[PDB]
Amino acid sequence: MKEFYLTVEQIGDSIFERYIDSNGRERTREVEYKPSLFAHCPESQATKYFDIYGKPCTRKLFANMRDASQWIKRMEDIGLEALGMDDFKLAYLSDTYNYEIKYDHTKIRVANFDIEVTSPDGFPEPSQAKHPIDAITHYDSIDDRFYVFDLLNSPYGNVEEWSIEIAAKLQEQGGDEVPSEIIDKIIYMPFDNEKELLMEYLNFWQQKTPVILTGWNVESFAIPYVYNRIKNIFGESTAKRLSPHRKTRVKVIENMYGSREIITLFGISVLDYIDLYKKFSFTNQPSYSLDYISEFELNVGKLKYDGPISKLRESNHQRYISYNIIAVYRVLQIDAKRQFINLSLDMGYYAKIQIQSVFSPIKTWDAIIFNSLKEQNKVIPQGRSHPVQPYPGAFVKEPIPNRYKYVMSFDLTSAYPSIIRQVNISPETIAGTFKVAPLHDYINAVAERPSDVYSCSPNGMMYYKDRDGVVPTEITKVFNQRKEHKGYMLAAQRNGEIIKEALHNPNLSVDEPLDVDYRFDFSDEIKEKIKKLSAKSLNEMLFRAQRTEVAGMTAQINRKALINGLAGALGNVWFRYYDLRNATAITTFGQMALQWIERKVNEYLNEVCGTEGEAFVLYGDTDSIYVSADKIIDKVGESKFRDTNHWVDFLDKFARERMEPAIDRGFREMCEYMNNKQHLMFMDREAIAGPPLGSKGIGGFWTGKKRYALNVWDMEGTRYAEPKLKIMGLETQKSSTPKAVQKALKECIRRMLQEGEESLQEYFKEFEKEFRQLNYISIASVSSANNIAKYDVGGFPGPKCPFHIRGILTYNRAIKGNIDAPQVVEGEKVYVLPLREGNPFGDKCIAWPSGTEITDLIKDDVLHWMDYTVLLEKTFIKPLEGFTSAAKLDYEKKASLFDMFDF
DNA sequence: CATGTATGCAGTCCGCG
DNA sequence: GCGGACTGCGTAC
Ligand SMILES: [Ca+2]
Ligand SMILES: [Ca+2]
Ligand SMILES: [Ca+2]
Ligand SMILES: [Ca+2]
Ligand SMILES: [Ca+2]
């Protein structure tokens with residue numbers, strides 16, 4: 001097999017590399033790496049090395065990495081560019097793996113772990129590690145085993161061995177419901193003292209050294225706690241055995257009352273699953289507890305136990321260990337669904353970076369571009385210092401706030417990357433400039449053609465048409481991957497709807513789910529077989545289709561994020577290729593493109609409808625247009641349609657056969673106007689939206705920029721079995737909006753869009769009458785706890801203190817002296833509730849860590865003093881008032897002359 | 001060490017015979 | 001008490 005790296009580190013003048021050899025064996029080596037850097041040289045000097053602007057360079061070969069870094073400083077002092085890759089491990093990887101990396105994940109040791117620590121005096125601080133580690137579960141991907149380390153004897157209590165028999169039993173039978181599919185994979189190791197537990201864990205660690213280290217909050221809790229606990233008991237060099245190269249770095253971040261630390265373990269790649277989740281999931285959660293996320297991702301119930309966690313080991317050691325095991329497994333389950341570890345490996349090896357550098361799009365792109373240029377013996381430019389400077393972004397149309405009955409939307413495929421490729425925007429493709437006219441002159445096609453030789457953007461930049469740029473070249477490669485995966489995702493989505501349609505008429509029979517590849521549209525023969533399947537088989541197939549869709553979403557959305565990230569990086573001062581000429585060439589082109597095509601669509605639709613001067617495009621944002629299709633439907637007459645699907649079909653066909661070609665002609669003309677390298681402005685239909693035929697539904701509404709709702713029947717070619725709401729920006733989509741309020745607001749929207757005003761009014765009345773009966777957590781607001789200390793003036797709110805921070809301070813006073821109540825952690829999220837005047841907390845609101853019940857001591861008072869009136873008004877009524885006034889209808893029946901009568 | 005800008009709403013402060 | 005500056009937060013791209 002071809003060799004591939006596992007980890008790489010620079011330690012002084014050595015590169016330390018863990019890798020897989022040609023036989024598939026894990027090996028480690030130390031290499032006294034001799035790096036090269038480059039200096040500009042005279043033309044008369046023959047060389048095979050050129051910088052990106054074709055200027056000759058001489059190679060400087062250094063005897064070591066320190067000599068290389070010292071030369072960099074001398075060059076800076078002299079005032080001359082020091083060219084080449086200054087991150088030497090990237091150079092090392094590029095030299096060592098001078099080919100496309102094909103990696104085998106089954107050879108990569110991925111470790112998932114979690115520890116337990118009983119603490120009778122508050123949260124167990126990792127930097128202090130003053131309490132015994134009393135459980136570790138460590139899952140090893142190569143063994144496929146859960147190694148469980150259980151402390152029987154502790155100063156906080158002596159307990160009996162954990163029982164796997166009881167663990168496997170249902171909870172309803174007093175067991176723990178440890179999932180049956182992992183029971184046989186548990187290797188249980190009880191210990192009579194912590195020292196033996198820890199020494200054995202380290203010995204185990206040495207035999208099975210993680211390459212990828214993950215788990216839930218491992219970076220901020222488990223890793224630093226294990227490190228510091230070992231340090232305190234055995235000494236720092238024992239703790240260093242956690243690094244295969246015996247080198248660590250301690251980062252002491254100043255939390256101020258108290259403090260915490262992050263440990264860097266050289267030769268391990270730590271990918272804390274919480275960080276993977278936040279970067280790759282594109283959700284924004286009100287809570288990041290593992291229980292909350294697991295419930296959200298997997299629909300498994302919260303792990304229940306009685307009393308505080310500090311008393312769980314002594315009262316119920318059986319459950320304590322089981323829950324430690326299950327927590328480790330839950331992360332694996334989330335990953336089996338989301339596939340973020342796979343994504344990370346994919347991207348890391350593609351870029352040739354340390355795997356943990358997938359968190360940094362700038363590092364990822366620096367590596368990709370470096371490797372690409374190095375292949376052509378080209379020499380990368382030195383990174384330079386730049387002041388931060390704001391620059392212009394996208395255009396967003398101001399919508400007239402209203403209900404909009406029929407709407408069709410269109411947007412550009414991968415807009416900014418497509419612009420990069422169309423215009424050929426790269427650091428080395430800049431050809432010069434032209435004199436800009438006002439943007440509106442380009443939009444209206446009245447400005448002078450910028451160039452008839454070069455490819456242009458209305459920001460004034462010109463690029464070579466007849467040569468490749470590394471940015472376009474490399475961005476295209478990742479786009480093409482993105483496109484492949486999005487294809488798989490949409491096919492799985494379409495396939496899911498076929499199964500949903502078939503579930504209407506299930507067969508009474510005993511059968512099997514069909515062995516199909518969900519990444520591809522079902523053939524007619526498969527469709528026929530599906531129409532004869534039972535409910536059971538259909539539901540399993542639907543589960544599989546949706547898992548395939550999710551896997552496709554992960555793969556495509558994060559490749560989309562990476563290429564969009566390159567466009568953004570050009571405007572980040574730390575990017576080697578930072579250049580506001582290139583950043584604004586993209587955004588200014590996007591502004592022109594949107595407004596150009598708005599003009600063209602208004603022109604086309606006026607012509608085909610036989611009118612003049614009517615505004616068809618009601619809204620747009622960055623690269624999208626929203627077309628009111630009322631006149632299209634009215635031209636044929638609503639009466640002609642058999643059902644909703646009939647008009648949906650009609651608009652679908654109208655968009656594809658009439659509008660899209662007109663849009664394409666419009667953009668081709670724009671491409672010719674800017675004399676661009678390649679026409680790539682592909683604006684495909686997104687949504688077809690409207691009310692159900694014959695209903696009083698309003699179809700859709702806008703309240704303003706970035707705030708709207710649509711009743712969608714077809715999305716990017718997926719014809720839904722049931723209409724689906726597309727809601728953007730409204731409170732239903734915000735993690736700060738109480739959960740039960742998101743639900744009620746969405747139902748209010750659904751009723752508005754599908755049923756009409758009377759239906760809405762009926763629901764509002766019910767919700768207002770039942771509001772006070774909702775669980776307090778379901779109606780609490782959510783906020784992020786930032787700069788708490790800033791506004792903390794002797795436990796009381798300072799000036800300009802935000803509402804949620806005031807809530808936190810109220811909480812800190814209420815829990816004072818009590819050692820057992822959970823602390824609000826800086827940066828994390830809190831539930832927030834308003835409080836009626838005269839309450840025993842002495843302020844207008846209270847806040848507590850999200851995803852939890854509020855501590856028992858004050859729960860009763862909070863419940864008694866919650867201000868329901870304020871809560872209903874602020875979270876529910878006020879937003880609903882915004883929706884309804886925009887849509888020109890009422891959530892409460894207005895008084896009228898008819899009130900004089902008895903109906 | 002190191003993706004971007006555009007943008008609405010809820011909050012505090014402050015003015016207001 | 002209401003509404004205009006000014007800003008934090010969360011979101012749409
Ligand atoms: Ca735990
Ligand atoms: Ca788009
Ligand atoms: Ca059937
Ligand atoms: Ca878009
Ligand atoms: Ca599309």
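Side chains included, hydrogens not; waters and symmetry mates left out as well; all remaining heavy atoms used. In the text below, chain A, chain B and the rest are named by the order of the sequence lines, each starting its count at 1.
Distance from the side chain of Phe803(A) is smallest to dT12(B) among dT3(B), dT12(B), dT5(B). In the set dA12(C), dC1(B), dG4(B), the nucleotide with an atom closest to the side chain of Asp87(A) is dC1(B). Looking at the side chain of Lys734(A), the nearest of the listed nucleotides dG4(B), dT11(C), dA10(B) is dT11(C). The side chain of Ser783(A) sits closest to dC9(C) out of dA12(C), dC9(C), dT3(B). Picking from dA6(B), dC9(C), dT12(B) the nucleotide with the shortest atom distance to the side chain of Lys706(A) gives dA6(B). Listed nucleotides: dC9(C), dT11(C), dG8(B). Nearest to the side chain of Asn284(A): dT11(C). For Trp574(A), counting side-chain heavy atoms from C-beta on, the closest listed nucleotide (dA2(B), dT12(B), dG10(C)) is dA2(B). The side chain of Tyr391(A) has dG4(B) as its nearest neighbour among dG10(C), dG4(B), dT3(B). Side chain of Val396(A), nearest nucleotide from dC9(B), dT7(B), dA12(C): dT7(B). Each of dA6(B), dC13(B), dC9(B) was ranked by its minimum atom distance to the side chain of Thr703(A); first place goes to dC9(B).
Here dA10(B) presents its P atom at 13 Å from CG of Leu880(A), a figure rounded to the nearest Å. What separates CG of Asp86(A) from P of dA2(B) is a distance of 13 Å, to the nearest Å. Rounded to whole angstrom, the span from the NZ atom of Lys397(A) across to the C1' atom of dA6(B) amounts to 16 Å. Residue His386(A) contributes atom NE2, which lies 14 Å from atom P of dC1(B) at whole-angstrom precision. Between the NZ atom of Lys800(A) and the P atom of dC14(B) there is a distance of 8 Å, rounded to whole Å. Rounded to whole Å, the distance from CD1 on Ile586(A) to P on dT3(B) is 16 Å. Atom CZ in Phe395(A) sits roughly 24 Å away from atom P in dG4(B) (whole-Å rounding). If you measure from atom CD of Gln595(A) to atom P of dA6(B), you get 13 Å, rounded to the nearest angstrom.
Using a 4.0 Å cut-off, no side-chain N or O of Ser784(A) falls inside it from OP1 or OP2 of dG8(C). Distances shorter than 4.0 Å separate none of the side-chain N or O atoms of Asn564(A) from OP1 or OP2 on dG4(B). Between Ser735(A) and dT11(C) there is a side-chain N or O to OP1 or OP2 distance below 4.0 Å. The side chain of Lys705(A) places an N or O atom within less than 4.0 Å of a non-bridging phosphate oxygen (OP1 or OP2) of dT7(B). OP1 or OP2 of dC1(B) has at least one side-chain nitrogen or oxygen of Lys363(A) nearer than 4.0 Å.
Sugar conformation at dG8(C) is south: the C1'-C2'-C3'-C4' dihedral has a negative sign, consistent with the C2'-endo side. For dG4(B), the sugar pucker falls north, since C1'-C2'-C3'-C4' comes out positive.
Residue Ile400(A) places its CD1 atom among 12 or fewer non-hydrogen atoms of other residues, nucleotides or ligands, all under 6.0 Å distant.
Ring geometry for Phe16(A) versus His245(A): interplanar angle of 30 to 60°, hence tilted. Between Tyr619(A) and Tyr626(A), the two ring planes are tilted [angle within 30° to 60°].
Summary of the strand contacts: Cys801(A) and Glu731(A) both lie near DNA chain B, and taking for each the nucleotide with the nearest heavy atom, the more 5' one is attributed to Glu731(A).
Considering all non-hydrogen atoms of both residues, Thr429(A) and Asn424(A) come closest at OG1-O, 2.7 Å. Taking each heavy atom of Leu276(A) and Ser344(A) in turn, the nearest pair found is CD2-OG, 3.4 Å.
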